[PDB]
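K.L.:
experimental coordinates follow, after the sequence.
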Amino acid sequence: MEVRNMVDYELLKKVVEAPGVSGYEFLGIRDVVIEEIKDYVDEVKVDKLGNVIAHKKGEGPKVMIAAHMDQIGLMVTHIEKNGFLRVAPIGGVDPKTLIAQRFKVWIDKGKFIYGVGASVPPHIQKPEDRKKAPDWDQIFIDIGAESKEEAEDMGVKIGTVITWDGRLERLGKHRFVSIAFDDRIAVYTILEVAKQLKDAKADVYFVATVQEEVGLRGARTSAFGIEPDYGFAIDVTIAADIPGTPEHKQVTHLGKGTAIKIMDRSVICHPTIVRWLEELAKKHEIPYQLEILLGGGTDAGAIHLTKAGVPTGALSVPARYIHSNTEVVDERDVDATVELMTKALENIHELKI
Amino acid sequence: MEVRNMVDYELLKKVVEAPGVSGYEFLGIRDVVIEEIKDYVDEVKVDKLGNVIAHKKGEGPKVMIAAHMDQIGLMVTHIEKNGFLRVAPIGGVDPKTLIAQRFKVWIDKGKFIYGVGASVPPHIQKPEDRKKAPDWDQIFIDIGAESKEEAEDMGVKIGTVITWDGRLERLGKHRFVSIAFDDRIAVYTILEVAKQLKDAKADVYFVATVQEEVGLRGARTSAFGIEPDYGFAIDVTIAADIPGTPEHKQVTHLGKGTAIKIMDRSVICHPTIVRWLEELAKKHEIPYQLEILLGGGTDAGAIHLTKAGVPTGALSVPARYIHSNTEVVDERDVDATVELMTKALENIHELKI
Amino acid sequence: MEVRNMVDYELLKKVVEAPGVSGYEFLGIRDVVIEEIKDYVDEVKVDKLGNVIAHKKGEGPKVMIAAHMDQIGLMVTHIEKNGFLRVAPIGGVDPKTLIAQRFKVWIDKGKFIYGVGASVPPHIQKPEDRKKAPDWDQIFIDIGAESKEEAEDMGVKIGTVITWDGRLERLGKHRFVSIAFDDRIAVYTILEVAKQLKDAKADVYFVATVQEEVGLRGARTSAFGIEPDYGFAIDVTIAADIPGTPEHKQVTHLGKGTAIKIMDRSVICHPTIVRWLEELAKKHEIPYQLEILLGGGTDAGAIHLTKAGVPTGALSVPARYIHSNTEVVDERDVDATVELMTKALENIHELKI
Ligand SMILES: [Zn+2]
Ligand SMILES: [Zn+2]
Ligand SMILES: [Zn+2]
Ligand SMILES: [Zn+2]
Ligand SMILES: [Zn+2]
Ligand SMILES: [Zn+2]
């Protein structure tokens, strides 16, 4: 569990279990996040996009910290005549992982039924048989209903209703958390920062955006008013020590320290900030890694689209996986990000250049 | 839950949760099965192959009922230098389903750690990328260990250690059980029969074989002494109402009644028995379906390999799925099999021809 | 030569040179094996299948040790009009290795002529040219005859007549034997065990089966009466330290210690026995390796098909190769198997569970 106690098992659990997709019946997560942040922040407001803005009052430059909380999911597009639930693809999800088992379909907030639809109708052809990759039709999920009417009675209606579902378990008693890696974590890092934030050298606005994995632009909207005068965002992706993988990708992750995003698809970290963070980490002896991604966009990049033209830095939590099959995290990694980020906040007054 | 109460939720749960692979640390299931059967049978003995033989004393022909309890699993073949656990294929498992999440690796009886290894190293090629089907190398499972030494310390040793793992949930509040379909169910049907068996017109030997999904022959060995003078075995497979599927396969399953195996890969049900069971079902108004399989072998077929040359009939529980992604069952189906089988037992004296 | 003297050079030579295929003109090997075993066993009998049963009299459980001695070969199917000898495929032989040179065609016991037929008629096509893999027609062997009549005069008649042929040489003066790996070796291990067997805690029946590489079932027949009450069989296969080979296969063999078969295609070693042997090896400080195979069947598995339902363990001699091109063995490996097996025999009384 809390091997280092750096990450509370309870906080990680509450956030990871909460449904993803704010504003959606999965919105329970939105309420949860604000439930705890309000205790350590002067106030929290809900934006039009459902974005949550936490306001830390202090003197200094406005630093915006943005964490994404869109997670991933699947949307039912219609009900088959056989009472089977169909699904529509979402982005940030790989069809190859489609679904293997246990899917949570939310009929309503607090009302969900287990559904499975890991298998898609077999293709015809001995070679196509080899093709185990499902077609764009994706896969279908069965609510167990026998008729479309029954499915409707179940309360299944068009609109994203299904979430990946999973369980938080500890892998490697020495360290490592399961589905804690995406979804929540960065949000967890933001919560921890607020908790340990005492002397505010600079006031920090915490913004949790939605639709970050898809429609990241919406996240930018919250960033628009809060992100002015600097901002940081935390998303994570990793090529990590996998067999058959070249060293060039292994360097992407090592399961140690933390990762500072040198550049991403949408944000080329302002060199001073990237370089500066590196300096800061060494001074405090905080472990860090330099990670560059060839693809993927972060909310930080979205912040870069603000008309303010504010530079953005990014922090990364190494030990990335994809949500569909895994989401292993490094306990140290979550801690490393929080520690580095917290110190950086005070330093930001000088750090702002 | 017990919508019809035909299948107790508790009994189904205990059997499905028990690990699969008797004699193996998964052997906990073996003990469980005998734990309950001993109360309703005069005695239970453990064979050399770990097969369990329940002896119902009565007067009449010896009828052997055989249920398989091998389930499916994966075996670690070695420990990678990176501390990753590797796996070796088992039979009755489809690589395409490989593993999506949460895998249970048993270090010892009662000691297991969660492991994940749903993803296999990406292939090189834009088209091979489409190929989402993993190679024979199969997939690898990470125990979260960082070093082979650590993995060994974890207690991971060569030998099948991993089980699919899953959770028993109710799908369709109207009916349907998740991972209850394979593994346990038929065994459950056998237990229920014993429980409701009161007046024994004929003595019935209940044999639970192991290595049925693989090395079905071993199951035959138990059948060798017990199966003499008739025997029945229950395994299940279904082509069931799936979209894009031709009607010719839909007829295989309908999620109603039960299924009598007309013929399988290894057993051509003795026509009299198949026909006879049909007659019996109609007389008692028990729903039934005639199912023929083009492939797959049942333990009943294995019984057919006895030197006695005893004919074997087979009962099937419709609503088949594969263990890797699903295992939906029909509550009615479990009930239908039990009801039909129980009545058949007494009728067997006349029925034996 | 006898670097450790663990394996006599003379015994290895006599067995490896003897022709393979008992009952066949290659049957000379059958006589040889019984020639030496009779001196250390109370008696030897020839079964109907040509199987040889050695009877070690002692008190205790009956332990059956089975070694295969079918080797591999090729059968002439007809005589071409050009006087060329044709061949039919055998199983356990890879066409790709077909034949490179020097083939021994037995016209009669003690009468053989050298024949070559490493090349098969070239295919037509610049790309098919690349295909160096011969077709199912396999390859043809020339007895040097110019006419079918001459070939017949030579005494070439339909029926497997040809053996791979080879020479026993020492590779690596430090250790390693050539064509000693398959064919003979396990048989050699059985002979050595009998020789060093003095105090018989348990009586051991030694059975040498035939048609093990093909028609392994026949081997089971001898096992049927002798294998009752436990049995062990030794066959070998290796993925061994080959370049371009992944570590996951390298672990299969290391050219050190011996290999205990955890599971094979047909036998899932009884866990207690596998585990037990491991315990025994450590106690006596005998080197061992755990090897699992994804394919291949061993005679031990065949023993598992006995109606007795007797559990079987298996010992493996690492450093496997295929008979067609190589058959390198580790001298230590042959010794390790013998040492471990001999101690196990006495322990078997307690070991039997
Ligand atoms: Zn994501
Ligand atoms: Zn993310
Ligand atoms: Zn199965
Ligand atoms: Zn089954
Ligand atoms: Zn061979
Ligand atoms: Zn062999």
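P.N.:
Noted; the coordinates are in hand. Residues are numbered from 1 along each chain as shown, chains lettered A, B, ... in the order given. Ligands and ions are numbered 1, 2, ... in the order given.
K.L.:
domain parsing for chain A?
P.N.:
Per the record, chain A has its domains at A:6-71+A:166-351, A:72-165, by CATH domains of a matching chain.
K.L.:
if I pick the residue nearest to residue A:181 when sequence neighbours are not counted, what's in contact with it?
P.N.:
If the residues on either side of it in the chain are set aside, residue A:181 comes closest to residue A:327, at 3.5 Å by Cβ to Cβ, 6 or more residues apart in numbering or on different chains. Quick note: C-beta positions are derived from backbone N, CA and C, even for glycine. Listed by Cβ atoms under 8 Å, 6 or more residues apart in numbering or on different chains, the contact partners of residue A:327 are A:166, A:178-183, A:321.
K.L.:
recalculate using a threshold of 10 Å.
P.N.:
Contacts here follow Cβ atoms under 10 Å, 6 or more residues apart in numbering or on different chains; on that basis residue A:327 touches A:16, A:164, A:166, A:168, A:177-185, A:236, A:319-321, B:101, B:116.
K.L.:
can you narrow the residues you listed to ones near ligand 2?
P.N.:
With the criterion set as Cβ under 5 Å from the ion, the members of the contacts of residue A:327 near ligand 2 are residue A:182.
K.L.:
nearest residue to the middle of chain A?
P.N.:
The centre of chain A sits closest to residue A:183, judged by Cα atoms, centre = their mean, with a distance of 3.6 Å.
K.L.:
these two touch, right, that residue and residue A:68?
P.N.:
Yes: between residue A:183 and residue A:68 a contact is recorded at 9.1 Å, counting by Cβ atoms under 10 Å.
K.L.:
give me the common contacts of these two.
P.N.:
Among the neighbours of residue A:183, those also in contact with residue A:68 (Cβ under 10 Å, 6+ apart) are A:20, A:213.
K.L.:
what's the burial count for residue A:302?
P.N.:
Burial of residue A:302 is recorded as 29 neighbouring residues (other Cβ atoms under 10 Å in any protein chain shown).
K.L.:
is it true that it touches residue A:265?
P.N.:
No: with contacts defined as Cβ under 10 Å, residue A:302 does not count as touching residue A:265, sitting 11.0 Å away.
K.L.:
need the nearest residue in space to residue A:224, chain neighbours excluded.
P.N.:
Leaving out its chain neighbours, the residue that sits closest to residue A:224 by Cβ to Cβ, 6+ apart is residue A:306, at 5.6 Å.
K.L.:
typo on my end, residue A:324
P.N.:
With Cβ to Cβ, 6+ apart, the residue lying closest to residue A:324 is residue A:97, at 3.1 Å.
K.L.:
what kind of secondary structure is that neighbour in?
P.N.:
Following DSSP: H, G, I helix; E, B strand; the rest coil, residue A:97 is assigned to coil.
K.L.:
ok, it to ligand 3 distance?
P.N.:
Using Cβ to the ion, to the nearest Å, we find residue A:97 at a distance of 23 Å from ligand 3.
K.L.:
tell me how many other residues surround the residue nearest to residue A:1 when sequence neighbours are not counted.
P.N.:
Using Cβ to Cβ, 6+ apart and skipping the chain neighbours, the partner closest in space to residue A:1 is residue A:9 (4.7 Å). The number of residues packed near residue A:9 is 16, by other Cβ under 10 Å.
K.L.:
residue A:9 reaches residue A:170, doesn't it?
P.N.:
Yes: applying Cβ under 10 Å as the test, residue A:9 and residue A:170 come out as touching, 8.3 Å apart.
K.L.:
overlap in contacts, those two.
P.N.:
A:1, A:3, A:177, A:180, A:331.
K.L.:
quick one: those as JSON lines, columns for distance to residue C:287, secondary structure and neighbour count too.
P.N.:
JSON lines is the format used below for the shared contacts of residue A:9 and residue A:170 (distance: Cβ to Cβ, whole Å; DSSP: H, G, I helix; E, B strand; the rest coil; neighbours: other Cβ atoms under 10 Å in any protein chain shown):
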{"residue": "A:1", "distance to residue C:287": "40", "secondary structure": "coil", "neighbour count": "12"}
{"residue": "A:3", "distance to residue C:287": "37", "secondary structure": "coil", "neighbour count": "16"}
{"residue": "A:177", "distance to residue C:287": "40", "secondary structure": "strand", "neighbour count": "27"}
{"residue": "A:180", "distance to residue C:287": "43", "secondary structure": "coil", "neighbour count": "28"}
{"residue": "A:331", "distance to residue C:287": "39", "secondary structure": "helix", "neighbour count": "24"}
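K.L.:
what sits closest to the closest residue to ligand 2 within the stretch 201-350 of chain A if chain neighbours are left out?
P.N.:
Residue of the stretch 201-350 of chain A nearest ligand 2, by Cβ to the ion: residue A:235 (4.2 Å). Taking Cβ to Cβ, 6+ apart as the measure, residue A:235 lies nearest to residue A:298, with 4.3 Å between them; neighbours along the chain are not counted.
K.L.:
how many neighbours does that neighbour have?
P.N.:
With other Cβ under 10 Å as criterion, residue A:298 counts 30.
K.L.:
do the one 5 residues further on as well
P.N.:
Here the count is done by other Cβ under 10 Å, and residue A:303 has 32 residues near it.
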